[PDB]
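Chemist: Handing you a structure now.
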Amino acid sequence: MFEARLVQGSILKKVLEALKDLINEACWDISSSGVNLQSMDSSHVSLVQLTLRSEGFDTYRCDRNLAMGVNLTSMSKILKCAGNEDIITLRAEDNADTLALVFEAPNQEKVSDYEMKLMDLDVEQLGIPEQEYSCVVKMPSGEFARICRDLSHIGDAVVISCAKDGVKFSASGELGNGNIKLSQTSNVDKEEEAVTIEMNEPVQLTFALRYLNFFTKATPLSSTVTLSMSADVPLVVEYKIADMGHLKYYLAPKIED
Amino acid sequence: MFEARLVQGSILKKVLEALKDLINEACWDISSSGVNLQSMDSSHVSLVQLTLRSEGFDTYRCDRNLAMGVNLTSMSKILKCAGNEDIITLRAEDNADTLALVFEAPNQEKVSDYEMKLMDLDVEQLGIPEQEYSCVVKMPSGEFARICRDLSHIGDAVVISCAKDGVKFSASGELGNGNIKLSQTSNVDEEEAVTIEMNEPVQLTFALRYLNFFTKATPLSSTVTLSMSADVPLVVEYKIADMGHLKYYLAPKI
Amino acid sequence: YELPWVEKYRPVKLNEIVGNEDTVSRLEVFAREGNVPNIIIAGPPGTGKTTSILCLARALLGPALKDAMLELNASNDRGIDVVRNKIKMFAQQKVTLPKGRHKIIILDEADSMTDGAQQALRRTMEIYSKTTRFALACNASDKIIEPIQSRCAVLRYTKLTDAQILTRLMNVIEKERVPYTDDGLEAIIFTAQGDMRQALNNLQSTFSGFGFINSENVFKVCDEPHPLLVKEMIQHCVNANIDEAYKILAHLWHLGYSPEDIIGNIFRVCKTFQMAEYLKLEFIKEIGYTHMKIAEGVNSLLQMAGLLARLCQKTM
Amino acid sequence: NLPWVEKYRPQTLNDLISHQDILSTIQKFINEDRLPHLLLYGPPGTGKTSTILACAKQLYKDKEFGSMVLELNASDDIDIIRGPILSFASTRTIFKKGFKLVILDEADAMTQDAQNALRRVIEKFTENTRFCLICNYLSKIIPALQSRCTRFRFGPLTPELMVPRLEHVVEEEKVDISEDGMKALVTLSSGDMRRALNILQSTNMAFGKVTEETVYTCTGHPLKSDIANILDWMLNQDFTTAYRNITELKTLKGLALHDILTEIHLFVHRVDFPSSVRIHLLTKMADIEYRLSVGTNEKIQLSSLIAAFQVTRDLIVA
Amino acid sequence: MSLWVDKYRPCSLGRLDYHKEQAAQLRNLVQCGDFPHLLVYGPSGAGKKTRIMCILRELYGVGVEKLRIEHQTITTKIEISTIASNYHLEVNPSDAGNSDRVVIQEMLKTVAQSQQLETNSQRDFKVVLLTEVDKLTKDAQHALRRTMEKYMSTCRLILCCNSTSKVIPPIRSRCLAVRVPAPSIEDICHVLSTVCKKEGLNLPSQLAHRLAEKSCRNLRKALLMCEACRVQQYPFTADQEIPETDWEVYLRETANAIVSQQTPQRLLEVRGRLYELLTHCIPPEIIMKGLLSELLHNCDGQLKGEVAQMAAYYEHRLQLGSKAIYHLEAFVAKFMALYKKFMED
Amino acid sequence: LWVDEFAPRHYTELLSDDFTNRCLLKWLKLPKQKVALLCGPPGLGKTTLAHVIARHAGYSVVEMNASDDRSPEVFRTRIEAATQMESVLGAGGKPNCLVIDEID
Amino acid sequence: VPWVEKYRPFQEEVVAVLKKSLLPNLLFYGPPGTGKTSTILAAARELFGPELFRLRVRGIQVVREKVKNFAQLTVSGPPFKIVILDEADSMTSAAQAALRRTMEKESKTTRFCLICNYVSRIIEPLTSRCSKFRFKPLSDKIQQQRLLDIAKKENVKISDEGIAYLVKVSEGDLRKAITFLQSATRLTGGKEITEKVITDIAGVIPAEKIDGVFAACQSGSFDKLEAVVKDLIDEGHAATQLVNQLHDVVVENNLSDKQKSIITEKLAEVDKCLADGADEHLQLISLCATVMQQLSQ
Ligand SMILES: Nc1ncnc2c1ncn2[C@@H]1O[C@H](COP(=O)(O)OP(=O)(O)OP(=O)(O)O)[C@@H](O)[C@H]1O
Ligand SMILES: Nc1ncnc2c1ncn2[C@@H]1O[C@H](COP(=O)(O)OP(=O)(O)OP(=O)(O)O)[C@@H](O)[C@H]1O
Ligand SMILES: Nc1ncnc2c1ncn2[C@@H]1O[C@H](COP(=O)(O)OP(=O)(O)OP(=O)(O)O)[C@@H](O)[C@H]1O
Ligand SMILES: Nc1ncnc2c1ncn2[C@@H]1O[C@H](COP(=O)(O)OP(=O)(O)O)[C@@H](O)[C@H]1O
Ligand SMILES: [Mg+2]
Ligand SMILES: [Mg+2]
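Protein chains in written order, with my numbering: chain G, 2 to 258; chain Z, 455 to 708; chain A, 6 to 321; chain R, 12 to 329; chain Y, 611 to 955; chain V, 69 to 172; chain F, 10 to 306.
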C-alpha cells in the first residue's frame, strides 16, 4: 500500500520528460528510504541513475519495498495532464498491479486521478562506483545547454578539455571548426551564474553531442549543473534537486583516432 | 591579411538572417572602404546590395581588397551561437580557405571562436545603375512587413499604386481581393511619418513571395525606404544604423 | 595487442600491389601526371580496390589529404540528402591545392547507394569536375548507373592469380617466420579463391589456432567440405559409380555440412577437375540447376542424391 | 510449468556438450586476450548462442554484463548497423576496461548492403570491439564480411554425446521413457537439442509416457514399419492396389508426402538396387520432391512416386 | 453503335442467344437476395463481358450502361485510368505492374466508403469488376481475397479471366465460379445469321460454317470477319475470300519457312520473324500455340507427338524464364533438328 | 579549361551539317508553341544550343538540374520566378531562356 | 448470412490437457471444417473464464509489432496468454520466418496456437517449437446425414444421391458441400438441384468428356486428339480439373502397370507445369499425346 504525497508536483513532470527521450521504460526501486531509479541506455552507450530521498516528500508511506516498473513515455504523457501547481500523490496497492496518480488542485475542489498499466522488466544492479574525479565542473545549466546546442550544429562530437583557468569546448564538422573557451569564474557573488572548476590533472575527452543534447533536457530541474569527469572514466552529469535528491547521468567517451 | 571588429554584433546576425533566404551562395568584397556584398540570383529575378562602411566597425584592417565566397546557411548557423550582446571579430588571410570569426561576450569570461570554410565562388559583381525614382516612399518597416504578410495570404501578386495623396497596396486571389492605402501623414510621432515623394504616378506588380523575404530585415531599422519607376526595378532599402545600407532590388511582373 | 595481418601488412604504396598490373601502372601514371579524371573501380572483393584508391589519394594530396579528401562508406549515411548536402557542399568547399591536384571524393561500396542518390550525384560530378574528382569503388559494376560509368574511367579488377597470392603469402611468412609446408600453401590458396584479404585472414587464423601451417590445420580452422573428398565425388560421378558418390555425399551430410556449402564446393572443384570440356560444361549446367533448386528452398539430401544420379547419367 | 528448453538451458561452459574443442579454443582466446571476431554457424539448436553467452558471462560479471555486451537479433530489423551497433562500437567501456562485445543472433538474415555496412563498422573498431556473428547458413554471409572473423562450424549433436543430457531431464522431469522411446527421440531430433526437448515435452503433455509409437504419433513422423510396408507395396503389389493401400495408410495416419519420400529415399539407398535402377529412382524421387515445393496436388505426386517404383519391377526381376 | 460487335450485343440476360440455361440461372441468382462474389471465366470471345453486363443490367437499372471515365492515383505514386458508373467500378489492376496489390486495396477502400453515401436505391452494395484476374500476382490475389472478406457486406466483386489456372485456390474457394464455354459452331452460325438478317442482309450457310470454323469459336473474331467480308463484297458466295488478321498469316508463313529449310541461316531468318511477332506485343504463348498448330499440318503422323511434347516443354521453360526469344528460338531449333533427322531418314 | 574558352560566342561559331541551331531561331523570336523537347542521339551540342540561340538573340539563360531537392513546391519556387519575373537590368537582357536537366 | 458460419461446429479431449498445463506452442491443422477455431475458443474460455478476453489475428511487420504491444503488457493473474494467428499457411515464407522469430522473445509472456492446413506451413516452427494436433474430418456418412438435415431445414429440393455426389465433390472436408448447396439452390431458385448443376458449380468435368478424351486417345489419330482438346478447352474446363479427373480414372482402370506408370508420371509433370502457369492447351495436348502413345501399342 504505497503512498507518497508531493506538494510541488511540477518536479515529477520535469523528472519524467528528462528521461523519456533517453530511456523508454525503467524500474522504480521504491524503498522506505525513498524512490530510486537506475536505467541504462538502449544502445548501451550511456546510463542514468535517479534518487528521490523519502524525507523530501510531504508524506512517505512505503511500508514495504517495491520494484515497480512503468513506461516512461506513458507516465510522462499523463503528467502533462497535471498542472504546475497541483499537488501530486502517487499510490500503489498492497501489490504493484496499477499505479494511482492523484492530482489535487492547490486551492480549488478540482481533483484528478489516473491509473497506469505496469510492466515486467528483468533488470540488475549496475556497479556505479564512487570515485574522486580528476576534473569537476560546476556551471549554470542554461550555459551548458547553450554550449551543447551550439556545437551540435558544428558537429556530432565535442572535445572537452579542462585546465586550471577554464574549460574549453571544442568541436569540428563539415561546415567548419569551432571551439568555446569558458574560463573559471574569478569573482561572482552566487554560484547560479558562476562557473566553478575543480581539477587535479589536465583532461581531454570526446563525447557524442546527440546524447549531450539528450542530457541537457534536465536543465529546468535545477539552475546549476555539475559535470564530473576524469581520464578514461565516463562523463558524469548530475542535477541537484532542491532538498529532494539528484539526477545523475553517465556517458562513455567517444574513441579518439 | 584582413581583420575587422564589430562591437554591436547583433547587427551582423540580423543582416545575415535576413539575407540567407534570398541568397545561399554570396561572395564578399573585402575593401579598405569597408565590406561590400552584392549577390544576384541565377534567374536574375532580384538583386541585393550590402555595404558595411569600414569606419562603421569599431576597428578595421584591410591590407588589400580580396574576394572570398561564403555560404549563408553556414554563417546563419554559426552566428546564431553568438549572444546579442557579444562583440564579433572577423579575420582572414590574403587567400585563406577559412574565415576566422570570434564571438566575445561582454567581458563575461567567455571567448567563442569559429573557423568557417569558404567556397570556390568567384562571380565578379556587376554594377547597377542609379536612378531617380518616380515615387519614393518612407514608412515604418513593421507596417510594411505586416502589409506583405497579410497580402501574401490573399494572393501571390501585389499591385502597388503610387499617388501624391497616398500609396496603395492591392492584391487579388481566388479567395477575393484586398487593398491597403497609406495616406501621407501629418508628421506623426517620427518613424511613423509615412513620407511619399511622387514625381509621376507609377503602377507596378511584384511577386509577394520575394517581398515577404525582403521584410525579414525589419529588426534592422524601424523605417524602410521604397522607391520605383515604370521601367526601373523596385528598390527596398534598410538603413543599418550607421554601419552602411542594405538595398533590395526586385524586377516587376510582366 | 597486434593489428590483424589484413591491416598490419596492408600495402601503403601502389608499388606493392600484386593485383592487375596494368591497372596498377595506370594508377601510378595518374598519380604522377596529377590531373586524374573520375575513376570507377569494380571487381571481386578484396582484390585491393580500397587500398589502391587510398594510396592514390595519399600520393596525390600528400599532406593535404586530411582536408582535401572526403570518404563515405556503407557504415555512413549515403542517402539522397547526404549526396545533396554533404557531397555538394564539400565540392563547393574551397581548398587550395597544387596545379595537378583536385579534391577527391571516395565512395567505397559505390554499388550500395540507391538510384536516386546516384542520379543526384551525376550533376554534382559534372558541375564541379574542374576542381573535384570522384573515386568510386564497388563489387558489381552493373549496380552503378550507365551515365556515371560514361563520365568515368571504369577500371576492372580481377581475381588474383595463385602466383600473386603465393608471393604475397610468402612475403608475409618471411615477415612472421611462420613454419609452413607446400600442402598448407596449396590449401590456403584454394581457400583464398583469388582473394588476398581472405587468404591473409585465413593464414593468420590458422597460425593463431595451430602455429605450424599444414593442410590439416588449415582445413581444421577453415572448416569446409574437404576438396579432396569432393574430388573423389566428381571422379566417381564421371565413372558412373553412383554408389561411391552417394557414400561420400552421405559421409559429408552426416558431418553436418549444409547442402549449400556442399554444392558450392562441388562446383568449385568442378572448376579445375581434369575432365572433358563438353562433359564439364554439362556437369556445370546440371550443378547450376541443382543450386537453383537448393537456393529456392528445396535443400534436402534427396536433391544432392538426384544431382549425383543425373551427373552419373550424363555420361550414360 | 516453464518449458524445459530454457528451464534447462546451459549456464556454464561445463553444461555444453560435444563442442569441447571449440569451447577450449574460445577459452584459450579469452584467457590470452587474442579473442578475434567470431563467426558461429551450424544447424539450428546446437547451442551456439548458449555457448557465446556462457563465454561472455565467464568474461563479464552480471553487474557489468548489461553495460558491456550488446546482444541483438538481425530479424528484429541497415539502421541497426548505423544506429545502436555503431554507437556501441564507437565508444569505450563504462566501468571495466578491455574490449566490448556485440552478439548478433540470426546474422544470416541481414541484407548484403547491411552486411557491407557491418563489415565497415567492424573493421573501423576492431581494436576495442569484438563481434560474434551467429547464423545458420555460412553462404548467406558476404565473402568480404566473413574474411574479418574466424569461422566455427557447430555440427549436429551426435546421439551418444547428447543422450546423457536428455537423461538428466528425465531424472528431473519425472516421465517414464522406454529404450525405443529414447532411440526415437534421438532419431527425430537429428542432432537438434531444442527439437529433442520440444518433442519430449510435447509427448509428455500429450500422454505422459514416452515410447517410440507415442513420440512418432505426437510428431506425426511416419514409422519405419510404415515405410517398409509402402516400399514392399510399391515393389510387389500392382499399381491399383498399391495406390489404394498407400492412400489409405496416408489418410489414416495423416502422413506427409515429404517425410514419406525422404524415408523411401533412405531405404532406396539402404536396399541393394541395381546401379541403373537406383539412378532412375533417384532422378525420379528428386523430381517429385521438387514438384511438391511449388504446391501441386499431392495425390498425383504420390501416384508418380508409385509409377517411378512400378517401372523397375520388370527391370529388377529380369 | 456502328460495329456489329457492339451494335448487336444484347443488353439483358433474357435476350441472350446461347447458354440460355446459364442466363436463367444467373437471373434466378440475381433475383434472390444475398448476391455473392462471382468468378466468371472462359475462353476469350465467348461473351463473359456480355454476360457480366447483362448481370449488371438485371442487378441495377439501365443506368449501368452510362459508363464514365475515371482516373485515380495510389501511394507507393502511380496514376491509373478506370471505368466506372453510378453503381459500379471496373478496373484491370494488372496494368499497374507489380503495384497491383496496393491499387486493388485502395480502390476497394474507396468503393466501400462511397457505397455508404446513399448508393442504395436498388442494392445495398457496389460491384467492383476486375478483368484479367489471371494476370494478377500471388500476393495481389491474397490481398484481393483478404479485402473481399473485409468488405463483403458493403461491396461485391466480379472477376473475369480467360483461365482459372493462375487464380489462387483461396479466391476460388470463396467466389462463385461461372463457366462460360465458347459457343458451338451452330450457335455462331445463328448469331451471325441473326446479325446478318437484322442488318438486312443474307448469309449463306456454307459461308457461315467457314466463318465459324475459321474464327476458332471466337464470336468477336467471327463478327469482325463477317463485317470485313461484307464490306469487301456484299454478294456473298461459298468461295468468298474471307480475310484474316495479318499476324496469323505471318505466323503461318514463319512455320512454312521453318518447314521449308532446316539450316542455321533459315534459323536466323525465323528469329527475325519472331522478333517481328513479339514486337507487336502478341503474347509468347499465342505465338507458340499458333506455330505448333501450323507445324502439325506438315509433320508426319508418327512425328506429331514429339513435336507437341517439345512445344509444351519449351513453353513451360519460357514461362519460367524472362527472355521469351531464348526459349522460342530453342523450340524452333529443336524442331528443325528433329524434322531434318526424320525427313533425311 | 578549353571547352568554355572555345565555346561558341555568336552564330558564326556554329558548325555545318546541323539542322537544330539553324531552325530553333525561327521559333524563338518573340509558330505559337509553349514548350520544347530534346530528341535524337547525343553529341549534337543540344546543351549549348539554347545558350547560343539566346546569345545570338540577346536573351538571358537559366539552367537547372537535380542537384537541389526536387519537391513540387521547390519546382514551383524554381520555375515561377524564372518564368513570370522580369530582369533587374537594362531592357535588352530582360527576356530569359530556361533549361531543365535530368528529368528522370 | 452464409450457411457455413451458421452451422460450423470429437476433439474436446485436447482442451483438458491444455487446462492440465497449470505450455508448448499449439499447432492445429486438418480440413477447415473440423471446428479448430471453435475448439481453441472454447478451450480459452474454459481456461481463462468469462472475465478474461484475448486477442485474435495480411502483412507480417504489423502482425509481429502488434504481438509485441500485447505480450509486452502485464496481466492481473492464467499466467500465459495464447495467441491465435489462424490461416497460418496463407502467410508467405518470409512472413512465417518473421513470425517464428516473433514467437521467441515473447514465449516468456505469451504463447501461440497456430491454425493452418498442415505441411503448407514452413518447417522450423513446424519441427520443434510447437505442439502439433491433427483434427480428423467427419466421416462421409455423418456428413451425408448433416447435409440431409440442412436440406430439410432449408427446404432444399435435393435427393439423397445428390447429397452423396455433393459430399463427393467436396473431397475430405465439410463446409464446401454446404456452400455448394447454398449456391446451387440460389442459382436454381430452389426448384430442383440436379447432379449436373452440382457438377457445374464444383467445376467437375462431366464424365462423358473424359470418356470422349479416352476414346480419342484410343483412336490413334492425332487429329481427333487436337479436336477433342480444342473442344475441352473451349468448354472452359480448367486443365487442373481435367488432370485430376483423368488421374482418378487412370489409376483404377485395367491398363498395364507400365502404361499406368507412364501416364501418371506424365500427369505429374503436366500438373507441375500448370502450377507454374504454363499454357493449358499445350500441356493438355502433350498429355493426350502421351496417352495415345501408351494406348496405341
Ligand atoms: N594486390 C594486393 N596486394 C597485397 N595485399 C592486398 C592486395 N589486394 C588486397 N590486399 C589485402 O587485402 C586487404 C583488403 O583490401 P581492400 O580493402 O582494398 O579490398 P577491396 O578489393 O577494395 O574490396 P572490398 O570493397 O570488397 O572491401 C588490404 O588491406 C590488403 O591487406
Ligand atoms: N550443447 C548443448 N547442451 C545442452 N543443451 C543444449 C545444447 N545446445 C542446445 N541446447 C538446448 O537447446 C536450447 C536452444 O539452444 P540455442 O538456441 O542456444 O542454440 P543455437 O545452436 O545457438 O541455435 P539458434 O541459432 O536456433 O538459436 C538451449 O536453451 C538448451 O536447452
Ligand atoms: N555547332 C557547334 N558549334 C560549335 N561547337 C559545337 C557545336 N555543336 C557542338 N559543339 C561542341 O561540342 C561539345 C558538346 O557540348 P554540349 O554539352 O552542348 O553537348 P550535347 O550534345 O548537348 O551533350 P550530350 O552529348 O552530353 O548529350 C561542346 O564542346 C560544344 O562546344
Ligand atoms: N448472346 C449473344 N448474342 C449476340 N452477340 C453476342 C452474344 N454473346 C456474346 N456476343 C458477342 O460476342 C462478343 C464477345 O465479347 P466478350 O464478352 O469480350 O467475350 P469474352 O468476355 O468471353 O472474351 C461480344 O462483343 C458480343 O457482342
Ligand atoms: Mg575494399
Ligand atoms: Mg541458439
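The beta-carbon is built from N, C-alpha and C at its ideal position, and this holds for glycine as well.
Give the residues from the region 565-576 of chain Z that approach chain G closer than 9 Å (Cβ to any Cβ), ordered along the chain.
Modeler: 565, 566, 567, 568, 569, 570 and 571
Chemist: Does the Cβ of residue 303 of chain F have 16 or more other Cβ atoms within 10 Å, making it buried, or fewer, making it exposed?
Modeler: buried
Chemist: Answer yes or no: does any C-beta atom of chain R fall closer than 7 Å to that of residue 70 of chain G?
Modeler: Output row for residue 70 of chain G: interface = no.
Chemist: With a threshold of 7 Å on Cβ separation, who are the neighbours of residue 715 of chain Y within its own chain once the five nearest residues in sequence on each side are excluded?
Modeler: Counting only Cβ-Cβ distances below 7 Å, and skipping sequence neighbours, we find 753 and 757.
Chemist: For chain R, is any of its Cβ atoms less than 7 Å away from the one on residue 260 of chain F?
Modeler: yes
Chemist: Could you check how far apart the C-beta atoms of residue 210 of chain G and residue 153 of chain G are, in whole angstroms? I think they sit under 8 Å.
Modeler: 5 Å
Chemist: What is the chain-ordered set of residues for which the beta carbon lies under 7 Å from any non-hydrogen atom of ligand 3?
Modeler: Cβ atoms closer than 7 Å to ligand 3 belong to V:71, V:74, V:75, V:76, V:81, V:82, V:83, V:86, V:89, V:110, V:111, V:112, V:113, V:114, V:115, V:116 and V:117.
Chemist: Who are the Cβ neighbours of residue 65 of chain F in its own chain at under 6 Å, not counting the five residues just before and after it?
Modeler: 93
Chemist: Nearest to residue 14 of chain G by alpha carbon, out of G:226, G:198, G:222 and G:140?
Modeler: G:222
Chemist: Measuring alpha carbon to alpha carbon, tell me which of Z:482, Z:554 and Z:559 ends up nearest residue 523 of chain Z.
Modeler: Z:482
Chemist: Could you compute how far the alpha carbon of residue 602 of chain Z sits from the alpha carbon of residue 665 of chain Z?
Modeler: The alpha-carbon atoms of residue 602 of chain Z and residue 665 of chain Z are separated by roughly 7 Å.
Chemist: According to DSSP, simplified to helix, strand and coil, what is residue 294 of chain F?
Modeler: helix
Chemist: Using a Cβ-Cβ distance cut-off of 7 Å, determine whether residue 134 of chain V contacts chain A.
Modeler: At least one chain A Cβ lies under 7 Å of residue 134 of chain V.
Chemist: Can you round the beta-carbon distance between residue 528 of chain Z and residue 130 of chain V to whole angstroms, since I take them to be within the 8 Å contact cut?
Modeler: About 25 Å separates the two Cβ atoms, so there is no contact after all.
Chemist: Chain R beta carbons: is any one of them nearer than 7 Å to that of residue 118 of chain F?
Modeler: No - not a single Cβ of chain R is within 7 Å of the one on residue 118 of chain F.
Chemist: Is residue 60 of chain R near ligand 6, with its Cβ less than 6 Å from a heavy atom?
Modeler: yes
Chemist: Just to confirm my understanding: we take residue 787 of chain Y, look at its own chain, exclude 5 residues before and 5 after, and list those with CB closer than 6 Å. What are they?
Modeler: 649
Chemist: Please check if any C-beta of chain Y sits within less than 7 Å of the C-beta of residue 97 of chain F.
Modeler: Taking CB atoms only, residue 97 of chain F has no neighbour in chain Y less than 7 Å away.
Chemist: Does chain A have any CB closer than 7 Å to the CB of residue 551 of chain Z?
Modeler: yes
Chemist: How many whole angstroms separate the CB atoms of residue 196 of chain R and residue 177 of chain R, which I take to be in contact at a CB cut-off of 8 Å?
Modeler: Taking a contact as a CB-CB distance under 8 Å, the pair residue 196 of chain R and residue 177 of chain R counts as one, their CB atoms being some 7 Å apart.
Chemist: How close, in whole Å, do the beta carbons of residue 67 of chain R and residue 21 of chain R come, if the pair is a contact with beta carbons under 8 Å?
Modeler: Not really, about 13 Å apart at Cβ, beyond 8 Å.
Chemist: Would you mind giving the Cβ-Cβ distance between residue 141 of chain G and residue 225 of chain G, rounded to the nearest angstrom? I have them listed as a contact below 8 Å.
Modeler: 6 Å
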